[PDB]
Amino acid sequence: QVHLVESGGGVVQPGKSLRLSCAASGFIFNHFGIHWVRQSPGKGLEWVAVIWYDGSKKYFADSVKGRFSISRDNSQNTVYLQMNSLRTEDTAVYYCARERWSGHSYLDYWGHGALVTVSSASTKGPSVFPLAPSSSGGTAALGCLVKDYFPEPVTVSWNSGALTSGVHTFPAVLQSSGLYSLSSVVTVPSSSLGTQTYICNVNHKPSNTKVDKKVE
């Protein structure tokens, strides 16, 4: 069963470097060339690079020529894409893919993708604000606003995981400031607002920050 496993993604500032890896299994590694194809947020597929089955040819898209290099280690069944002098427009999900034949053919197996984010923003923990229940049909909506953090991801639980039904945590928005915001809301019985405590647990691992915000 052909299987491709990518790693090495992450978040960097412009001008820095990243090295992606593609670990292969289930085929004779050195009989196949390996490609990289990327996808900017919201946009189509863009071919990036190829290394030939025998490492004898390496080609790169004009958009990355001179900045990217590629290598293969047949001992470890792995391909490495070295990305130097990264630019914000290099932000993308990067896929490795196996080519069926020795050039001029098609990509028959694809990895699951490695996320690469190139941004001038600096790591920042969130400001968490309660979204208090106020004044639909016996149920109340309350939530927390997770404001101005960087980078993704943030996770949210309620009551340390004891409250799961009626929870909806929304995907974040990326703002013009370069920081993110997201919200999590739960619907509960109006009658419970005087007797039950509601706390949202916000975890931002990239800044080693956790916030437990009491709502109401």
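Throughout, we count residues from 1 along the sequence that is shown.
In this entry, residue 135 and residue 136 are separated by 1 to 3 residues of the deposited sequence that lack coordinates.
Comparing the deposited coordinates for 187-195 and 153-161, the stretch with the larger average C-alpha B-factor is 187-195. The mean Cα B-factor in the deposited entry runs higher for 80-88 than for the other of 93-101 and 80-88. When the Cα B-factors of 57, 35, 43, 38 are read from the PDB record, 57 comes out highest. The deposited CA B-factor of residue 169 belongs to the middle third of values across its chain. In this PDB entry, residue 23 carries a Cα temperature factor that places it within the highest third of its chain's modelled residues. Ranked against the other modelled residues of its chain, the C-alpha B-factor of residue 118 as given in the entry falls in the lowest third. Compared with the other modelled residues of the chain, the Cα B-factor recorded for residue 140 ranks in the highest third. Remark: residue 31 belongs to the middle third of its chain, ranked by C-alpha B-factor as recorded.
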